[PDB]
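Please read the structure below before turning to the comments.
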Amino acid sequence: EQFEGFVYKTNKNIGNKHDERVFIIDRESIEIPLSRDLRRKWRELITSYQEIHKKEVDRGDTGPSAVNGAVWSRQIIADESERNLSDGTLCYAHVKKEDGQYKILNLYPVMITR
RNA sequence: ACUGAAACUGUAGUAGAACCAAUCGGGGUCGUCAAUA
């Protein structure tokens, strides 16, 4: 098949990583309201990712504290703007179809995440 | 159809009385980290 999409890239950020992702926009879609609680959760989540490694990246370390050869995941090296959840930014949404609606539980920067 | 003269706006009086640059804070301490395939 062919599709349009956005490439979601995070760096070679754990050792087994081979492939980035392309969010296939072409085919099917569901718009859901972005509440303040979701966006403030994202801010708290991404500030966590950034602050916990501030000492690491100031030391000039290039990757995770116990996984050599990996490289910092994008949201960690990204600036304050990554916390902001601005228009057109890409996320993973944790979703379930409870009560007959697509409930969005949380927004996450990676598949297996903080 | 003759300019008056001569005479220190000086003398006495404290920009001061009162008010705390101060109140709280052990130079301390432990769990991961990372997201794919």
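The chains referred to below are lettered A, B, ... by the order of the sequence lines, with proteins before strands, and numbering in each begins at 1.
- Side chain of A:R114 to backbone of A:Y49: no donor-acceptor contact under 3.5 angstrom is found.
- As a whole-Å value, the separation of A:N11 CG from B:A34 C1' is 12 Å.
- Within 4.0 Å of A:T10, counting heavy atoms only, lie sugar-phosphate atoms of the nucleic acid but no base atom.
- Using a 4.0 Å heavy-atom distance criterion, A:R74 is classed as making no nucleic acid contact.
- With a glycosidic angle no further than 90° from 0, B:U14 counts as syn.
- Residue contacts for A:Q75: at a heavy-atom cut-off of 4.0 Å it reaches the sugar-phosphate backbone alone, with no base atom in range.
- Remark: side-chain polar atoms of A:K12 are not paired, donor with acceptor, to backbone N or O of A:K17 under 3.5 angstrom.
- Rounded to whole angstrom, the span from the NE2 atom of A:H18 across to the P atom of B:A35 amounts to 16 Å.
- Only the P atoms considered, B:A17 is 15 Å distant from B:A21, to the nearest whole Å.
- Rounded to an integer number of Å, the gap from A:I77 CD1 to B:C33 P is 17 Å.
- Ring orientation note: the planes of A:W72 and A:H53 are tilted relative to one another, at an angle of 30° to 60°.
- The closest donor-acceptor contact from the side chain of A:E4 to the backbone of A:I24 lies at 3.5 Å or more, if one exists at all.
- With P as the reference atom, B:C30 and B:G26 are 16 Å apart, rounded to whole Å.
- Nucleotide B:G13 shows a negative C1'-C2'-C3'-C4' value and thus a south, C2'-endo-like sugar.
- Placement of A:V22 and A:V110 in two distinct hydrophobic clusters is found when ILVMFWY residues are connected by side-chain heavy-atom separations under 4.5 Å, directly or transitively.
- Regarding A:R114, its CZ atom lies at a distance of 9 Å from the P atom of B:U32, rounded to whole Å.
- Comparing B:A37, B:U36, B:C33 against the side chain of A:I14 picks out B:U36 as the nearest.
- The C1'-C2'-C3'-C4' torsion of B:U11 is positive, so its sugar falls on the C3'-endo, or north, side.
- Relative ring orientation between A:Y108 and A:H94 is described as tilted, the plane-to-plane angle lying within the 30° to 60° band.
- Looking at heavy-atom distances under 4.0 Å, A:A70 makes no contact with the nucleic acid at all.
- For B:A35, one of the phosphate oxygens OP1 or OP2 lies less than 4.0 angstrom from a side-chain nitrogen or oxygen of A:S73.
- Contacts between residues 41-62 of chain A and RNA chain B, defined by a heavy-atom separation under 4.0 Å, are made by A:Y49, A:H53.
- Using the sign of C1'-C2'-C3'-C4' as the criterion, B:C30 is classed as south-puckered.
- Atom P of B:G31 sits at a distance of 22 Å from the matching atom of B:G27, rounded to the whole Å.
- Donor-acceptor pairing under 3.5 Å is lacking for the side chains of A:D37 and A:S35.
- When the side chains of ILVMFWY residues are joined at heavy-atom separations under 4.5 Å, either directly or via intervening members, A:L45 and A:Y8 end up in a single hydrophobic cluster.
- Atom CG in A:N13 sits about 6 Å away from atom P in B:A35, given to the nearest Å.
- Using a 4.0 Å heavy-atom criterion, one finds that A:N16 contacts the bases of the nucleic acid, with or without backbone contacts as well.
- Connection of A:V71 to A:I46 is not established within any shared hydrophobic cluster, with ILVMFWY side chains joined at heavy-atom distances below 4.5 Å, either directly or through further cluster members.
- The pair A:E51-A:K54 fails the salt-bridge criterion, with no side-chain N (NZ, NE, NH1 or NH2) lying under 4.0 Å from an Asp/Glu carboxylate O.
- With a negative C1'-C2'-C3'-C4' torsion, the sugar ring of B:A15 falls in the south range.
- A:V7 and A:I25 fall into different hydrophobic clusters, defined by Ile, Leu, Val, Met, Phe, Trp and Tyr side-chain heavy atoms under 4.5 Å apart, directly or through other members.
- Between B:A34, B:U32, B:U36, one nucleotide has an atom nearer to the side chain of A:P64 than all others, and that is B:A34.
- Judged by the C1'-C2'-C3'-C4' torsion, the sugar of B:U29 sits on the south side, since the angle is negative.
- Stem analysis of RNA chain B (Watson-Crick or G-U pairs, both distances under 3.5 Å, runs of at least three) returns none.
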